[PDB]
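# Here we go, the starting part of the complex in its complex frame:
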Amino acid sequence: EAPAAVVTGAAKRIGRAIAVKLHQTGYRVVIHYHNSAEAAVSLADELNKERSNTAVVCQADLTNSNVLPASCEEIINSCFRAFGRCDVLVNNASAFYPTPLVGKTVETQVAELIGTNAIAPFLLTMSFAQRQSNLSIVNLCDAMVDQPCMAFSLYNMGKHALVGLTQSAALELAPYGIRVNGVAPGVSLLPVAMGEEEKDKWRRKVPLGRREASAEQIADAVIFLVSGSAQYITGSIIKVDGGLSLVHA
Amino acid sequence: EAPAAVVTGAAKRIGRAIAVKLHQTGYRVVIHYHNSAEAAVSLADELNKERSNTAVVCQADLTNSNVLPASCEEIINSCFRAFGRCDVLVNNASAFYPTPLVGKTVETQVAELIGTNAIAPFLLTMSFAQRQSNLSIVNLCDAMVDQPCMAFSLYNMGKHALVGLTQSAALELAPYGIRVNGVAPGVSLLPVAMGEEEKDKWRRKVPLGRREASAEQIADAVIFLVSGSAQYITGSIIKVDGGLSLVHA
Amino acid sequence: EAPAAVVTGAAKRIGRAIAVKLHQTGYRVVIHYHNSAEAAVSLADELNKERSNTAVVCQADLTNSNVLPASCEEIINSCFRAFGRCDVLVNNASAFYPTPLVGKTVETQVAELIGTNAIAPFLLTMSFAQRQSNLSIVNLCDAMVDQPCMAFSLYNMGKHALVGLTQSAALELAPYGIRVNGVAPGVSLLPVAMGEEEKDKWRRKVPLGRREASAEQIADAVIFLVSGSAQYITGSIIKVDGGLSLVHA
């Protein structure tokens, strides 16, 4: 039987690209989404058109709350129900918006930014491990985590927590043969709420080609880490940033 | 007149030593505490006996919840109520216990470990900044954050988030002349819950002196960072670890 | 036309595995060596018997001296002379022995350790760049660089410098399309006549499998980095260490 993967926030953009590349590599996939239902089902349709019974969807909010653990357990369970196994978890889904220190309440900002970027990854990691082969987890980190965006403190705190999870879970799950790694983009697919002049501002900062990464380039590094060529790699975070993090102010 | 400082979890151990040193340097202090009411009240009394009405107690659970923002605003408020100003915030309070990936619920563990180590610090930081010469914040970090204790994922995640806050907040509050730094103990005062064979193992690991740091040694770095000798220092985390973090497995 | 690579210290152990693996992917290779002449020529023979005119040797001492720049230029020249091009440079040669702070002179220890691990890589990088598709350089780093072996200060200095080269050259050569990355082993092929006690100690410290990396596992990360699957990756160092670097003392 083919191995199976859960990719969170996989309806669009980088997660979709990762689910496609995993599917093309031979994986069956759980396409987790929150609001992008049409895009999710549309993607599952297409992957199933290529290989029947190889893709399902799973809806969940990954905001922190007292039921997040049950939601994360259900995501992993949905993979076992569909495919009878769960070999790969990709923690991709991410809330991203400014939260200045000086519409949403602060309680909600905390719950969304810390829940999606860190706590859900942790609970998903727990459920993945408890439900248990080249088993691995890839976390989508941030190459700029030590040179953060102005006024993105909660988002940055989440991404730093995710580095911590990557390290602590690599350490703890190693005896079980589960590898835990990260992929850290710089600028890749640019936010939709961003004008051309802003996009060119960011592009111009990247030493290697003065362009953003394609979603597929981020996916390539994911594919490497889950592959048999990375069987001794755990606790490593691969930057896929074109040198951006190397550039001083 | 004299500056004022909030120290969280200041009733005992390291937070106490920090509150005392700040007080001996001339600060008025808010002694925050959670359960240790006798030790807290007793400490404010000892300090007030030295200098009249230079200390107040303030109780608050710093576990994450929908009331945590109000709680943190009230801690900062209590410093302004008592002293008319708030020059220094020290984020010291911390829950610390194992949370294995494989009698508290996971959601309580998340709330306590991430709340105390990261979320409360962010909220205090926000409140501190909104209420605003040498203003500064000192976050109690962890020298071993990249070599974490087995099965302490949530704690480590919290301490990573706290690095992120330290960096993000230094960047964002610099324009208001608020510095934000960290002090990172290795092993200092050893926990009550730890075994003797484990206690001595830790001491022998320390290159410098094969002993743990005193609470006072930790405090000395806090005093340096809040002083006028640290006026251009922001976004820095000083390890006070006797070389422990340099030691391989 | 097949791409060509220079691998330094390619006669044995990890460098040999890298040469073999690049040759298997379709590269012609220059096998650089210092003293292991028989192994180097035996490797070249084997690779040429596999595909004709795809392997040569180049001998050079990579000790720091006033002739080092010419030696490094000669190494890069030898690829162009045999193959007409040079697409990949792998900086793998390394002196490794203790240099306590308290038979070789210190002058020689500095020359050997800093020369092989840092300055030769830098000179080689300069010669490679100046002579210029998918061009890259991979530097063999050290996952334990921040938790060094006791009394190995010059070696550790060399490997830190090599990080700095990796970053600095990534930044400077990105406009030319030359990527510069690192692979950082923990414990791999265990040095000859290490005791069974010692080896076993090291193995038992590795979280993932309690075993050292095979030279091939180190080579797999090199191959990935040179590949078209790493096209946006520059200035990244990938640890291949089984989680060794995550393990506290």
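Arrived safely. Numbering: from 1, shown residues only, chains lettered A, B, ... in the order given.

# and the residue of chain A positioned farthest from its centre, how far is that from residue B:176?
Of all residues in chain A, residue A:102 has its C-alpha farthest from the mean position, at 29.8 Å, by Cα atoms, centre = their mean. Distance of residue A:102 to residue B:176, given as Cβ to Cβ, to the nearest Å: 7 Å. (Each C-beta comes from the backbone N, C-alpha and C, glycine too.)

# which residues do those two both contact?
Common neighbours of residue A:102 and residue B:176 (criterion: Cβ atoms under 8 Å, 6 or more residues apart in numbering or on different chains): residue B:129.

# SS state for the closest residue to residue A:206 other than its chain neighbours?
Excluding the flanking residues, the one nearest residue A:206 by Cβ to Cβ, 6 or more residues apart in numbering or on different chains is residue A:242, at 4.2 Å. Three-state call for residue A:242 (DSSP: H, G, I helix; E, B strand; the rest coil): coil.

# burial count for residue A:242?
Residue A:242 sits with 32 neighbouring residues when counted by other Cβ atoms under 10 Å in any protein chain shown.

# Can you tell me the closest non-neighbouring residue to the residue nearest the centre of chain A?
By Cα atoms, centre = their mean, the mean C-alpha position of chain A lies nearest to residue A:92, the distance being 1.4 Å. Leaving aside its sequence neighbours, residue A:92 sits nearest to residue A:15 (Cβ to Cβ, 6+ apart; 4.0 Å).

# Run the chain-centre distance for the helix or strand hosting the one you found.
Assigned by DSSP states H and E, residue A:15 belongs to helix A:13-24. Taking Cα atoms, centre = their mean, to the nearest Å, one finds the center of helix A:13-24 at 11 Å from the center of the full chain.

# what's the next secondary structure element after it?
Criterion used, DSSP H and E; the element after helix A:13-24 is strand A:28-33.

# Can you give the strand pairings for that next one, parallel or anti for each?
Strand A:28-33 has the following strand partners under DSSP bridges: strand A:4-7 (parallel), strand A:55-59 (parallel).

# Can you show me the strands along chain A?
Using DSSP state E, the strands of chain A run over A:4-7, A:28-33, A:55-59, A:88-91, A:136-140, A:179-185, A:237-240.

# Just the buried residues of the first one, please?
It stands for strand A:4-7. A:4, A:5, A:6, A:7 (16 or more other Cβ atoms under 10 Å in any protein chain shown).

# wait, doesn't the last one sit right on residue A:27?
In this case it means residue A:7. No - at 9.4 Å, residue A:7 does not count as touching residue A:27 under the criterion of Cβ atoms under 8 Å.

# ok, for residue A:140, nearest residue in space, not its chain neighbours?
Using Cβ to Cβ, 6+ apart, the nearest residue to residue A:140 is residue A:92, at 4.7 Å.

# got it, and residue A:235?
That would be residue A:170: by Cβ to Cβ, 6+ apart, it lies 3.4 Å from residue A:235.

# so what's the one you found up against?
Here residue A:170 is in contact with A:179, A:180, A:181, A:234, A:235, C:207, C:243, C:246 (criterion: Cβ under 8 Å, 6+ apart).

# which residues does the third one bridge with?
Per DSSP bridges, the residues bridged to residue A:181 are residue A:138.

# What's the local residue count around it?
With other Cβ under 10 Å as criterion, residue A:181 counts 26.

# mind checking how far the nearest residue to the residue farthest from the centre of chain A once chain neighbours are set aside is from residue B:160?
Nearest-residue entry for residue A:102: residue B:129, 5.2 Å, with adjacent residues in sequence omitted and distances by Cβ to Cβ, 6+ apart. From residue B:129 across to residue B:160, the span is 22 Å (Cβ to Cβ).

# here's chain D, drop it onto the model above:
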Amino acid sequence: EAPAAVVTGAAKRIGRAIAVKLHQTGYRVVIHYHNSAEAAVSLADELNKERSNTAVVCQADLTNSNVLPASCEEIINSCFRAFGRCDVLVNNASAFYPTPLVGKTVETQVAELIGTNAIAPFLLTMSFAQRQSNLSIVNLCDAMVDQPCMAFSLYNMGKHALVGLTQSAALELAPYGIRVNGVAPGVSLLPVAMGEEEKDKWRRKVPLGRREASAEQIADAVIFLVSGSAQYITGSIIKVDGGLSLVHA
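Next up, chain D placed on what we already have:
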């Protein structure tokens, strides 16, 4: 009896400020210099006036060569000959100039940049240890080491090696009671060769006050690390950068 310190490159700028602050703190000082002979004797004169026989000069080139170890030995010996003891070594002297990868020879560039920033510090550290209370060494590092200046690869390699030396020497000298730490400026005293256009560009990048650090501000951090308030601190590098290293491109 007054303790004694060696400060390399102390005739001018930051090393001067450090020697001055050490002397004001009670130390006798060896003012090492290379070309700035008049500045150096002018400083020893100014200090000796305040306190008789408490300052001497010592001329030495700290370029790498086969006699560099003798030169570093003699610097240390100059402290013993003048003061009977040597308690503090500050590695401040530094060559700084671009060395592009694509009229000094490269040999000379390597010797000057690696010698002054790394090898001389190693050899000075060796001699300090071997020639032997509150003994310590402070290395002047660089807060921007992971975000290098374009075309400054050799300078950057040397500063990375100096991080490595700080860590390795901290580990190895801990048992002997010698602490080893760093201070990492961002932008401080602006080079004399620079024009007020370019100076302002640098100043504008600094979040904490849009200004370079003062030499005294750097010196303040050195004084803290040599003091009894840093007695458990070893292997720590304190950034004094005004948040500059936290600012993305």
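
# Could you re-examine the contacts of residue A:170 with chain D now present?
Here residue A:170 is in contact with A:179, A:180, A:181, A:234, A:235, C:207, C:243, C:246 (Cβ under 8 Å, 6+ apart).

# please redo it, this time with the cut-off set to 7 Å
A:180, A:234, A:235, C:243, C:246 (Cβ atoms under 7 Å, 6 or more residues apart in numbering or on different chains).

# Tell me the residues of chain A that contact chain B?
Counting by Cβ under 7 Å from any Cβ of the partner chain, the residues of chain A close to chain B are A:66, A:69, A:101-102, A:106-107, A:110, A:114, A:118-119, A:122, A:125-126, A:129-130, A:145-146, A:148, A:150-154, A:156-157, A:159-161, A:163-165, A:167-169, A:171-173.

# Go ahead and confirm the residue farthest from the centre of chain A touches residue B:131.
No - the criterion here is Cβ atoms under 7 Å, and residue A:102 misses it with residue B:131 at 10.3 Å.

# Relative to residue A:11, how far out is residue A:3?
21 Å.

# Show me which of these two is the more surrounded one.
residue A:11 (25 against 18).

# The more buried one and chain B: what is the separation?
In this view, residue A:11 and chain B are 26 Å apart by Cβ to the nearest Cβ, to the nearest Å.

# now swap in residue A:200 and tell me
For residue A:200, the distance to chain B - Cβ to the nearest Cβ - is 24 Å.

# What number of residues are in the vicinity of that residue?
Neighbours around residue A:200, by other Cβ under 10 Å: 13.

# same thing with the one 5 residues further on?
Using other Cβ under 10 Å, the number of residues around residue A:205 comes to 17.

# what's the spacing between residue A:184 and residue A:142?
Distance, residue A:184 to residue A:142, using Cβ to Cβ: 6 Å.

# Sorry, wrong one. I was asking about residue A:102.
Counting by Cβ to Cβ - residue A:102 and residue A:142 are separated by 23 Å.

# cool, residue A:124 as well?
Per Cβ to Cβ, residue A:124 is found 18 Å from residue A:142.

# re the thing from before, out of the contacts of residue A:170, who's nearest chain B?
Nearest to chain B among those: residue C:246, at 6.0 Å, using Cβ to the nearest Cβ.

# isn't that closest one right next to residue A:171, touching?
Yes - Residue C:246 is within contact range of residue A:171, at 4.8 Å (criterion: Cβ under 7 Å).

# list residues touching both of those two?
By Cβ under 7 Å, 6+ apart, the residues touching both residue C:246 and residue A:171 are A:235, C:207.

# filter the residues of chain A next to chain B to the buried ones?
Using 16+ other Cβ under 10 Å, the buried ones in these are A:69, A:101, A:106-107, A:110, A:114, A:118-119, A:122, A:125-126, A:129, A:145-146, A:148, A:151-154, A:156-157, A:159-161, A:163-165, A:167-169, A:171-173.

# what ranges do the helices span in chain A?
Counting by DSSP state H, chain A has these helices, from start to end: A:13-24, A:37-50, A:68-83, A:106-114, A:120-131, A:153-173, A:196-204, A:215-226.

# Please identify which of these is closest to residue C:36.
helix A:215-226 (31.0 Å; Cβ to Cβ).

# Give me the distance between residue A:188 and residue C:67.
Taken as Cβ to Cβ, the span from residue A:188 to residue C:67 is 45 Å.

# Residue A:230 now?
For residue A:230, the distance to residue C:67 - Cβ to Cβ - is 40 Å.

# Neighbour count: these two, which is higher?
residue A:230 (24 against 13).

# show me what contacts that one?
Residue A:230 neighbours (Cβ under 7 Å, 6+ apart): A:224, C:220.

# Fine, thanks again, bye for now.
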